[PDB]
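K.L.:
Let's see this in three dimensions:
(chains A, B and C)
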Amino acid sequence: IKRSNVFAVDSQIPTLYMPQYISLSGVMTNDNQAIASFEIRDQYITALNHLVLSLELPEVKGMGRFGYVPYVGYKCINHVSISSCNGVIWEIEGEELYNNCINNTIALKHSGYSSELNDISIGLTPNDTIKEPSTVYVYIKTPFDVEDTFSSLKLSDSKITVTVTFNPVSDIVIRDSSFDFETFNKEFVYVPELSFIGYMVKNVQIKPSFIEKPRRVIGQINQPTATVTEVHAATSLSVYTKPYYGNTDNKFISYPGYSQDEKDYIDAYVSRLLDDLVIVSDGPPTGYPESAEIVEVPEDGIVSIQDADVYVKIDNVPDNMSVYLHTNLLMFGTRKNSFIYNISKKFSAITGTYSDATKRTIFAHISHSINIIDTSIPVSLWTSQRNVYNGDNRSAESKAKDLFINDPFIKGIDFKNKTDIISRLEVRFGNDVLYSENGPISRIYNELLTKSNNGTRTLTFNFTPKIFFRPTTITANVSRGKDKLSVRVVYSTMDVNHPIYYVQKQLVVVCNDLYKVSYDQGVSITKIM
Amino acid sequence: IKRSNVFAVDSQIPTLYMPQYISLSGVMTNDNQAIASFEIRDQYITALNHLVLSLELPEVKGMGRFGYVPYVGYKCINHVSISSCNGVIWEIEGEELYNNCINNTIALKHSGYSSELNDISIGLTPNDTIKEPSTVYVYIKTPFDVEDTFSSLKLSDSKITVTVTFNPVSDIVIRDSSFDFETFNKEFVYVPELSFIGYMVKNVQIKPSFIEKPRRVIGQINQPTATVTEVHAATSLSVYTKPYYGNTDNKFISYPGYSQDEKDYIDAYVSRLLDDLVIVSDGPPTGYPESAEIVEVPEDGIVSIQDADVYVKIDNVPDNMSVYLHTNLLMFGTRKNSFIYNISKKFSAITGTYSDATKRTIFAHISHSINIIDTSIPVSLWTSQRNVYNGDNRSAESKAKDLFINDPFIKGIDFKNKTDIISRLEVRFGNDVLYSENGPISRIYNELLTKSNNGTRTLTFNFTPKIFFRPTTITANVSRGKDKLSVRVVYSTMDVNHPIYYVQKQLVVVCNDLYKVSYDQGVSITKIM
Amino acid sequence: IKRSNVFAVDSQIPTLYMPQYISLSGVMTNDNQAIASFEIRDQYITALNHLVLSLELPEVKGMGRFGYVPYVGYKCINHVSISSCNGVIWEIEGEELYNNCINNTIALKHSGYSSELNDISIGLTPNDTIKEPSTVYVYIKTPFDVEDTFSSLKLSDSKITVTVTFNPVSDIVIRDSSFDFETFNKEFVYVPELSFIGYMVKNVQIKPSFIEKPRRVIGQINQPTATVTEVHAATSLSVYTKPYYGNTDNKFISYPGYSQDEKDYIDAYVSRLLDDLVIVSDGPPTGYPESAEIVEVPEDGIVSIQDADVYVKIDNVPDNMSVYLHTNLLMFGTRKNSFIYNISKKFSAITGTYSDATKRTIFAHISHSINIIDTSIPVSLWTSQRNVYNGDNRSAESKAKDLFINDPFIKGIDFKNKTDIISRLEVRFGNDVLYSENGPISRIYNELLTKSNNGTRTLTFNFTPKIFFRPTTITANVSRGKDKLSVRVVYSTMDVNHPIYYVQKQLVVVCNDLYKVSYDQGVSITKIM
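P.N.:
Numbers count the residues shown, from 1 in each chain, chains lettered A, B, ... in the order given. You can find the structure just below:
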């Protein structure tokens, strides 16, 4: 019995090298999209990987409510490209980069995720500081990071250029109307610095490698189809939907800030609704539109709103004041005398205590049925032409606290991507059906295999180890016409009298193509056919 | 100096294959245990792994309090078996499957763990919907998943059958007496679908492999011994205890629902006790049994309960009402005039405010010594024959809110498996002592080595990589009689006047046997001797 | 096309061995530092790894406030050394051991991290039990654990000695002045037990290996320089700063106990300040020093404190009482009529309700600007000679609740190591500059590469797999004088009128040297040159 020794190893002497952390400042150029270019030319840098982008956010002064989106560093990136003299080596969109890093909690934390950055801070005077200057770090995960020095990008005596395109500053900022965003936008400038790990290698022996490069296709608005052409060697395919808020002003009622659980979203929304829902006043409350229906709460504390009973009990109400309930705070309906969507009927029990000192109701326990979709409705959709009612019956004070939100990486139709609006998915390679499903079993598989919490519907064709094998791909057959991937979905049917039915959707299809990387005459890549 | 190249690899071309996600519907057969069978016969399916079971839970309508246990998908599974024409290939119990997946947070989340499923929802009218229809996904982790395609189950032109046995629906449901469980049970049916990843391989070269199959032995009620016979090649051995609630009605006072921390359990329990503990009333409170001792709280706010001082201060008590304290809410004792277990003496400070509108006391800060064992006591044990007192002096209203809980995967004597009731463990291989310990150092080691939070006392005999080596086992010596593993424990001594002393216990011993998998004449396994 | 089989393996038969868990009691010897020695001499133990130290903490009785620091098991360890007959094989400081385990959440949990151990418990009578006896487990991670049996420490027929030096018990205890620490210290004794996994190997074939041993250098108080000499083969270098609280009594105002978030620290601090900040009294509040400035809150609820407006609104104040605000609770300043640091001016809105029953103010919402540095100020620094004011104007009651905290593993100048006090870092190998940076990009890299949340500024020179290659090092050139590593930093500039400016700092430099491990004539190590 010849036995393999599992208590000792014969240590290999590795290639002689020395690593170094290297920072570079960029050249910035500019609706004038901001672009940073970083030039890497150094004869003693043989390979590199682990790119990190530094961004200095400035001091924010003035009046209004201002905050940064979570993961602001990732969300300010529109596009990243690595090139040489022979053309582009590897590139990615900001959405797909953020997708690839969504499971790296450390990287997400470094890119800007804290109370200081992401709470909605309030400025009271034109000289009040709303945010202090800060620095975020964006880990640009590339295929050259999977196996450390084995997968690194070798600079075969070539000059490597890294180009970063930035999103407009309105994408990364949550603000109210009181904040002077025009001035802020005129003054804001991205200040980037690029870092990487370089390797000074002694007598490097270079071999050709393989690289996967994502390619992204967005369908037209509300179409259930998208197609990616010229597919010859794909390792994976993923499909998801994005909301198109272009038909709105991008104003929402609430945003939970640094708290990012579904419960947190719902709590912020309910908190914003309670100030206009239950009113302690001397006589009929004033300052609400004519369409508002404010009723007094009887001695039994129960108000009926057409099949719905709301239980209101407030402590310490003065003897000259009564408790009032808003029975149609937000209303939606497409036909005049049919079903109505009423945000007031989603409450069952409201208790609290009136404060004589601050003249407010401090709410204690609330029983309600608000979900994430309601927190995700845009304010424009409550008052669209299709609504036969006056949708928004809130006070002017609460109307003034709505927030502009322009986050570019939102999936689905809600902030959490919690509702699945795809009820059937079909993929075709050429004309034949490659995959079909009704439930999200492919998303279950993507999450199980990548150990992620925010998976998408994904067909993965590669199950081999990463760089020590050539990746397994679905291969084209141009003779039989199998050279394109077509995706058709069936959207989940929503009620025509729910405002979320009118959020516009786009289908996104991402394809990972296989490329050969060769190192004769500098660095170059060729698409595998 | 010959140096190993650590900056380049020679990529191997792997076996030509194509993966595919495959779903199957089953054949259901039926105290009529429900059994689902899934048949896999497909000539182009060469291998498979990554089994996922889909379960559609129906709409739940009616009155009462209803909820699902956490991880309902895992808890509805009694047994899973994979077979071919030559017999069983691999099988497992539901408890051990859940044990093997306890460290996979993604899988646990997919099997049904959310507020919507696990809050105890309340139905008010016979047409109220308590739960909406939902789908859970149970990842059935098999030994064929450890190394992706290397460890996959090859179908040597054989038909593979997957059989799932389900637990009764009462195991996965938390309910009160007001819910119509008889009708619910008559109507509930499991609707399962089986998914796996199949591989269509071109010219597969098959080699024999090794597989570990768990074998489970449960000792008799309250015996400190269990033995597993016919042990010839075990890779690991684990020991834990389970509570036997068969001598009870399985009714508990509280359950925290979706919150699953120890603090959450304790908070739910204290919340259920406070409504009968402190009473604001006009005169001596009514509606309590004769054995209740309700005393008025003096001006200093301190009530003495035999060496115990409780500090009660309630704000806003009306002038016609007084504050009362329940001094023997739950009581236990075995001898008439000796030590008594009194749930009231476990409180030291109770403060709150009376609400005139809702006629309740809203409690603020509470100081207490309630632990997890108290939340884990069954209501039947408070009123057993051995209790010389009337144990339960609660109001009928609170008595009506007790929950039936029949969770099948509970370890220890509390819901969290927090108390260790094993004070000494001894394992014998044959007649010789193989292992001995007093503290839980083997559980510490199991958690450290498996990177788990819910480890058990485990002897692992294998420290070699998984599939690239033959596993290391403890080998039998039938000549010397070393062919069985005997386990004897010494239970921690509990006080005879604590009700948890009378919870019945079973010892569970799990043994992982090594099997050879061969592929001539289809798939077959043979026990290593 | 020769294809590598990725669906089958040729299983290797490994070395024949049998593992066993082994516990040992020690020999304890003793300002009399406690030292435990464990002797391992057993002919059938061929290798070992995975050391775990058991510690029994006793019952704590008496009066006062008492608690254990988080991770008490790690914090009681001063030094660990593994030796043979040829000298020390491997050793480490307690700080660096805890650093190496900071990312192992399971190990941190096992070493003592729970509400029961880490809440500040209160003893009321001299016989009250503050803490029950408990056992913690400290995983002593060694280089012999990285690759299981491949990296294990082989005992070439040698006797191995493990020696543990313990910190004084005052390092692991958080206490007030009311606790009798002199008696506690006279009675406390460490009771340790050592566990490891031993391997009984049949015909072991031993080969020489490599090991990295940390070496630690602490700079002098407040010097921005430190140097590690005799550096010939280092795999990594890390730099951080520690606070020196020797010029204080080590008393702080608050400690959050088991809650260990920054928000938790701030909340505990604000809670301790509110009792003296806002006072509901009949007339000017009494019991405060003469330097206190207590003003009555006007009808509009706004008090001005030199450019700062505090909004105070308390409900249910009796008609004979008024609301008062402490305008200089904690004050600091170095010049008589210049800038002042006033803890009262860091509040903007204070609301709450007075309780007539308990005669206290129960605070509801608070708006403030307290940060982690304020919670990290020592009480001695408020009343130093450099303060031209009476710094601490709190009541005697709150002064009596300050806690002694002597935690030995604190980094930076705050409890969370959140503020970076290093604005520039430079490393020199010999006289040449090896590395330079202004921001913490090296800490970003350390966290990204080690997947940690508490990284330090680190230069790592090794990117090769751990034990199957010889590690890559930065190599000395004694001819050119490159045989020492010098570190110089520039500290962040703090305001001279902030008390945190006067916390003393030490620079810590840790170097990982490469050693050869050989097994002829027992175990021995030699420093690589």
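K.L.:
Residue A:149 and residue B:5 touch, don't they?
P.N.:
No. Applying CB atoms under 8 Å as the test, residue A:149 and residue B:5 come out as separate, 9.5 Å apart. All C-beta spots, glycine's among them, are computed from the backbone N, C-alpha and C.
K.L.:
residues shared between the contacts of these two?
P.N.:
Taking CB atoms under 8 Å, 6 or more residues apart in numbering or on different chains as the contact rule, residue A:149 and residue B:5 both touch residue A:15.
K.L.:
between these two, which one's more packed in?
P.N.:
Counting neighbours by other CB atoms under 10 Å in any protein chain shown for residue A:149 and for residue B:5 shows that residue A:149 has the greater number, 25 against 17.
K.L.:
before we move on, what SS does that one have?
P.N.:
When classified by DSSP: H, G, I helix; E, B strand; the rest coil, residue A:149 comes out as helix.
K.L.:
State the distance from it to residue A:467.
P.N.:
Distance, residue A:149 to residue A:467, by CB to CB, to the nearest Å: 11 Å.
K.L.:
for chain B, what are the nearby residues on the stretch 351-500 of chain A?
P.N.:
Residues of the stretch 351-500 of chain A lying near chain B by CB under 8 Å from any CB of the partner chain: A:351, A:353, A:364, A:435, A:437, A:439, A:441-442, A:444-445, A:447-449, A:451-453, A:459-461, A:463-464, A:467-470, A:472, A:474.
K.L.:
Got a quick ChimeraX command for the buried subset of those?
P.N.:
Applying 16 or more other CB atoms under 10 Å in any protein chain shown to those, the buried members can be selected in ChimeraX as follows:
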select /A:351,353,435,437,439,441,442,444,445,447,448,449,459,460,461,463,464,467,469,470,472,474
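K.L.:
Okay, and which of the residues of the stretch 351-500 of chain A next to chain B map to helices?
P.N.:
With helices defined by DSSP state H, the entries of these inside them are A:441-442, A:444-445, A:447-449.
K.L.:
Quick one: these as CSV, columns for distance to residue B:404 too.
P.N.:
Converted to CSV, those look like this (distance: CB to CB, whole Å):
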residue, distance to residue B:404
A:441, 33
A:442, 38
A:444, 31
A:445, 36
A:447, 33
A:448, 33
A:449, 38
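K.L.:
ok, so of these, who is nearest chain C?
P.N.:
Checking these against chain C by CB to the nearest CB gives residue A:449 as the nearest, at 16.2 Å.
K.L.:
What residue, apart from its backbone neighbours, is nearest that closest one spatially?
P.N.:
In space, not counting the residues next to it along the chain, residue A:449 is nearest to residue A:460; the distance is 6.9 Å by CB to CB, 6 or more residues apart in numbering or on different chains.
K.L.:
Verify the contact between the one you found and residue A:212 for me.
P.N.:
No. Using CB under 8 Å, residue A:460 is not in contact with residue A:212, being 11.3 Å away.
K.L.:
Find residues that contact each of those two.
P.N.:
What both residue A:460 and residue A:212 touch, as defined by CB under 8 Å, 6+ apart, is the set A:235-236.
K.L.:
Can you tell me which residue of the stretch 301-450 of chain A sits closest to chain B?
P.N.:
Nearest residue of the stretch 301-450 of chain A to chain B, counting by CB to the nearest CB: residue A:313, 4.3 Å away.
K.L.:
Same question for the stretch 1-150 of chain A.
P.N.:
At 3.9 Å from chain B, residue A:12 is the closest residue in the stretch 1-150 of chain A, using CB to the nearest CB.
K.L.:
Kindly tell me how buried that residue is, as a neighbour count.
P.N.:
Residue A:12 has 16 neighbours, counted by other CB under 10 Å.
K.L.:
give me every residue that touches it.
P.N.:
If you count contacts by CB under 8 Å, 6+ apart, residue A:12 has them with B:3-4, C:468-470.
K.L.:
Kindly state the beta-bridge partners for it.
P.N.:
Assessed by DSSP bridges, residue A:12 has beta-bridge partners residue C:469.
K.L.:
do you know how far it is from residue C:472?
P.N.:
According to CB to CB, residue A:12 stands 12 Å off from residue C:472.
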